[PDB]
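Asker: The file below is run-v7.cif, mmCIF, C-alpha atoms and all ligand atoms:
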```cif
data_start
loop_
_atom_site.group_PDB
_atom_site.id
_atom_site.type_symbol
_atom_site.label_atom_id
_atom_site.label_comp_id
_atom_site.auth_asym_id
_atom_site.auth_seq_id
_atom_site.Cartn_x
_atom_site.Cartn_y
_atom_site.Cartn_z
ATOM 1 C CA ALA M 1 5.030 -0.664 15.349
ATOM 2 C CA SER M 2 1.741 0.180 13.677
ATOM 3 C CA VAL M 3 2.424 1.984 10.422
ATOM 4 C CA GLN M 4 0.358 3.489 7.630
ATOM 5 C CA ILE M 5 0.573 3.706 3.858
ATOM 6 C CA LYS M 6 -0.360 7.045 2.339
ATOM 7 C CA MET M 7 -1.347 7.105 -1.314
ATOM 8 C CA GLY M 8 -0.321 10.410 -2.849
ATOM 9 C CA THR M 9 1.976 13.274 -1.927
ATOM 10 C CA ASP M 10 1.201 16.875 -1.057
ATOM 11 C CA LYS M 11 2.810 17.547 -4.415
ATOM 12 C CA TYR M 12 -0.293 16.222 -6.130
ATOM 13 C CA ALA M 13 1.994 13.324 -6.966
ATOM 14 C CA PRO M 14 0.353 9.887 -6.885
ATOM 15 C CA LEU M 15 2.928 7.789 -5.068
ATOM 16 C CA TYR M 16 3.021 5.421 -2.118
ATOM 17 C CA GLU M 17 4.342 7.020 1.048
ATOM 18 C CA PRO M 18 6.427 6.236 2.676
ATOM 19 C CA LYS M 19 7.918 4.805 -0.496
ATOM 20 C CA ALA M 20 9.481 2.278 1.850
ATOM 21 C CA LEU M 21 8.031 0.745 4.993
ATOM 22 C CA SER M 22 9.431 -1.628 7.587
ATOM 23 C CA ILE M 23 7.721 -3.657 10.285
ATOM 24 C CA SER M 24 7.949 -6.861 12.288
ATOM 25 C CA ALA M 25 6.060 -10.138 12.133
ATOM 26 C CA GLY M 26 2.862 -9.225 13.938
ATOM 27 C CA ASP M 27 2.780 -5.548 13.043
ATOM 28 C CA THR M 28 0.090 -3.817 11.019
ATOM 29 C CA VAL M 29 0.182 -1.698 7.884
ATOM 30 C CA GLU M 30 -2.614 0.816 7.454
ATOM 31 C CA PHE M 31 -3.507 2.557 4.215
ATOM 32 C CA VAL M 32 -4.944 6.023 3.716
ATOM 33 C CA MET M 33 -5.688 8.070 0.621
ATOM 34 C CA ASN M 34 -3.766 11.315 0.313
ATOM 35 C CA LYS M 35 -4.986 12.623 -3.022
ATOM 36 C CA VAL M 36 -4.915 12.062 -6.765
ATOM 37 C CA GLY M 37 -7.337 9.182 -6.361
ATOM 38 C CA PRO M 38 -8.917 6.926 -6.497
ATOM 39 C CA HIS M 39 -6.549 4.265 -5.221
ATOM 40 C CA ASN M 40 -6.408 0.631 -4.173
ATOM 41 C CA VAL M 41 -4.142 -2.133 -2.925
ATOM 42 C CA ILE M 42 -2.624 -4.231 -5.685
ATOM 43 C CA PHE M 43 0.361 -6.075 -4.267
ATOM 44 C CA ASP M 44 3.040 -7.266 -6.661
ATOM 45 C CA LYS M 45 4.105 -10.492 -4.993
ATOM 46 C CA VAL M 46 5.466 -11.759 -1.695
ATOM 47 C CA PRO M 47 7.688 -14.678 -0.669
ATOM 48 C CA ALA M 48 6.385 -17.869 0.896
ATOM 49 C CA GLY M 49 4.452 -17.031 4.041
ATOM 50 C CA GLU M 50 1.838 -14.526 2.938
ATOM 51 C CA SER M 51 -0.453 -14.146 -0.051
ATOM 52 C CA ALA M 52 0.341 -10.911 -1.849
ATOM 53 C CA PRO M 53 -1.786 -12.017 -4.810
ATOM 54 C CA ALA M 54 -4.778 -12.231 -2.502
ATOM 55 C CA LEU M 55 -4.763 -9.239 -0.185
ATOM 56 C CA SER M 56 -4.928 -7.091 -3.297
ATOM 57 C CA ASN M 57 -8.240 -5.287 -2.979
ATOM 58 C CA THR M 58 -9.682 -3.896 -6.190
ATOM 59 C CA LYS M 59 -12.255 -2.033 -4.132
ATOM 60 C CA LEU M 60 -11.139 1.353 -5.404
ATOM 61 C CA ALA M 61 -12.090 3.409 -2.372
ATOM 62 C CA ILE M 62 -13.342 6.619 -3.938
ATOM 63 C CA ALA M 63 -14.383 8.042 -0.588
ATOM 64 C CA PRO M 64 -11.200 9.640 0.764
ATOM 65 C CA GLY M 65 -10.426 9.091 4.428
ATOM 66 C CA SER M 66 -8.706 5.811 5.210
ATOM 67 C CA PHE M 67 -9.018 2.662 3.133
ATOM 68 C CA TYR M 68 -8.269 0.030 5.748
ATOM 69 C CA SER M 69 -5.602 -1.735 7.772
ATOM 70 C CA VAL M 70 -4.176 -5.240 7.701
ATOM 71 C CA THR M 71 -1.845 -7.185 9.962
ATOM 72 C CA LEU M 72 1.069 -9.227 8.673
ATOM 73 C CA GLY M 73 3.395 -11.863 10.076
ATOM 74 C CA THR M 74 5.271 -13.570 7.265
ATOM 75 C CA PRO M 75 8.875 -12.336 7.319
ATOM 76 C CA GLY M 76 10.260 -10.801 4.149
ATOM 77 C CA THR M 77 9.926 -7.795 1.873
ATOM 78 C CA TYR M 78 6.523 -7.179 0.335
ATOM 79 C CA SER M 79 6.060 -5.226 -2.874
ATOM 80 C CA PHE M 80 2.955 -3.606 -4.309
ATOM 81 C CA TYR M 81 1.713 -0.958 -6.712
ATOM 82 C CA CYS M 82 -1.231 1.192 -7.727
ATOM 83 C CA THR M 83 -3.398 -0.405 -10.388
ATOM 84 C CA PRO M 84 -4.244 3.028 -11.808
ATOM 85 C CA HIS M 85 -1.147 4.987 -10.862
ATOM 86 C CA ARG M 86 0.999 2.267 -12.386
ATOM 87 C CA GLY M 87 2.758 4.491 -14.894
ATOM 88 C CA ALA M 88 2.660 7.525 -12.632
ATOM 89 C CA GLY M 89 5.247 5.635 -10.616
ATOM 90 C CA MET M 90 3.371 4.723 -7.458
ATOM 91 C CA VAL M 91 5.117 1.702 -5.991
ATOM 92 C CA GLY M 92 6.269 0.905 -2.475
ATOM 93 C CA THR M 93 7.573 -1.843 -0.222
ATOM 94 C CA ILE M 94 6.881 -3.367 3.172
ATOM 95 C CA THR M 95 9.290 -5.303 5.357
ATOM 96 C CA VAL M 96 8.303 -7.652 8.155
ATOM 97 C CA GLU M 97 11.431 -8.266 10.196
HETATM 98 CU CU CU B 1 -2.671 5.716 -6.433
#
```
Re-express the file's structure as structure tokens.
Answerer:
Amino acid sequence: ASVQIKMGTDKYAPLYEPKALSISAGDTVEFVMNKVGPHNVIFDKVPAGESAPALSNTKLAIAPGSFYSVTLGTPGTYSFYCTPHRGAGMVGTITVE
């Protein structure tokens, strides 16, 4: 089902929430900015099927509200991270079963 990726916790902690995310081939994964911005989508790498090193948008959306959404299909576990909040420990995952 349609899911969303929140960047930042109510604990002023810059982390991807939910830390883990699962979906099916054909589902969508939204992305909104919680706090401790800015943020952005900087995937780590995905298995054959998709293009992790492509979807990565360096369009640091300063304006808080809701970055954008994107649909997937390629089955497997996708990994990403926050370009800025890289050391802060802001990484997550996305499954497309
Ligand atoms: Cu972040």
Asker: So the first atom is CA of residue 76 in chain M and the second is CA of residue 39 in chain M; what is the distance between them in Å, to one decimal place?
Answerer: 24.4 Å
Asker: Could I get the residue neighbourhood of ligand CU 1 (chain B) at 12 Å, counting only C-alpha atoms and all ligand atoms, as a short mmCIF file (atom, residue, chain, number, x, y, z; two decimals) with C-alpha atoms, in the coordinates of the input?
Answerer:
```
data_model
loop_
_atom_site.label_atom_id
_atom_site.label_comp_id
_atom_site.auth_asym_id
_atom_site.auth_seq_id
_atom_site.Cartn_x
_atom_site.Cartn_y
_atom_site.Cartn_z
CA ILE M 5 0.57 3.71 3.86
CA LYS M 6 -0.36 7.04 2.34
CA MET M 7 -1.35 7.10 -1.31
CA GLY M 8 -0.32 10.41 -2.85
CA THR M 9 1.98 13.27 -1.93
CA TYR M 12 -0.29 16.22 -6.13
CA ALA M 13 1.99 13.32 -6.97
CA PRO M 14 0.35 9.89 -6.88
CA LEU M 15 2.93 7.79 -5.07
CA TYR M 16 3.02 5.42 -2.12
CA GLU M 17 4.34 7.02 1.05
CA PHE M 31 -3.51 2.56 4.22
CA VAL M 32 -4.94 6.02 3.72
CA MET M 33 -5.69 8.07 0.62
CA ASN M 34 -3.77 11.32 0.31
CA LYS M 35 -4.99 12.62 -3.02
CA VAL M 36 -4.92 12.06 -6.76
CA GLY M 37 -7.34 9.18 -6.36
CA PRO M 38 -8.92 6.93 -6.50
CA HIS M 39 -6.55 4.26 -5.22
CA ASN M 40 -6.41 0.63 -4.17
CA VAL M 41 -4.14 -2.13 -2.92
CA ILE M 42 -2.62 -4.23 -5.68
CA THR M 58 -9.68 -3.90 -6.19
CA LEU M 60 -11.14 1.35 -5.40
CA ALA M 61 -12.09 3.41 -2.37
CA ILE M 62 -13.34 6.62 -3.94
CA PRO M 64 -11.20 9.64 0.76
CA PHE M 67 -9.02 2.66 3.13
CA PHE M 80 2.96 -3.61 -4.31
CA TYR M 81 1.71 -0.96 -6.71
CA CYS M 82 -1.23 1.19 -7.73
CA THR M 83 -3.40 -0.40 -10.39
CA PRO M 84 -4.24 3.03 -11.81
CA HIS M 85 -1.15 4.99 -10.86
CA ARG M 86 1.00 2.27 -12.39
CA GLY M 87 2.76 4.49 -14.89
CA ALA M 88 2.66 7.52 -12.63
CA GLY M 89 5.25 5.64 -10.62
CA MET M 90 3.37 4.72 -7.46
CA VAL M 91 5.12 1.70 -5.99
CA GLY M 92 6.27 0.90 -2.48
#
```
Asker: Write out as a ChimeraX atom specification the residues lying within 6 Å of residue 30 in chain M, counting all atoms listed in the file and excluding same-chain residues fewer than 2 positions away.
Answerer: /M:3-5,68-69
Asker: Carefully work through the PyMOL selection byres (((chain M and resi 94) around 8) and not hetatm) for this structure and note down the residues it includes, as a CSV table (one decimal) with C-alpha atoms, keeping the file's coordinate frame.
Answerer:
```
chain,number,residue,atom,x,y,z
M,20,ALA,CA,9.5,2.3,1.8
M,21,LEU,CA,8.0,0.7,5.0
M,22,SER,CA,9.4,-1.6,7.6
M,23,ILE,CA,7.7,-3.7,10.3
M,77,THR,CA,9.9,-7.8,1.9
M,78,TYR,CA,6.5,-7.2,0.3
M,79,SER,CA,6.1,-5.2,-2.9
M,92,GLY,CA,6.3,0.9,-2.5
M,93,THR,CA,7.6,-1.8,-0.2
M,95,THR,CA,9.3,-5.3,5.4
M,96,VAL,CA,8.3,-7.7,8.2
```
Asker: Between CA of residue 57 in chain M and CA of residue 11 in chain M, what is the distance in Å, rounded to a tenth?
Answerer: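 Taking CA of residue 57 in chain M and CA of residue 11 in chain M, their separation equals 25.4 Å.
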Asker: Taking all atoms listed in the file into account, which of M:52, M:46, M:63, M:70 comes nearest residue 2 in chain M?
Answerer: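 Going through M:52, M:46, M:63, M:70 one by one, the smallest distance to residue 2 in chain M is for M:70.
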Asker: Let me have the centre and edge lengths of the axis-aligned box enclosing all listed atoms of range 36-52 of chain M with 4 Å padding on every side, in Å to one decimal, as lines of an AutoDock Vina configuration file.
Answerer:
```
center_x = -0.6
center_y = -2.9
center_z = -1.4
size_x = 24.6
size_y = 37.9
size_z = 18.8
```
Asker: Write out as a list in words each polymer residue whose atoms come within 6 Å of residue 27 in chain M, counting only C-alpha atoms; drop sequence neighbours fewer than 2 positions from it.
Answerer: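 Residues near the query, excluding close chain neighbours: residues 1, 2, 23, 24, 25, 71 and 72 of chain M.
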Asker: What does the distance from CA of residue 66 in chain M to CA of residue 29 in chain M come to in Å, to one decimal?
Answerer: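 So the answer is 11.9 Å.
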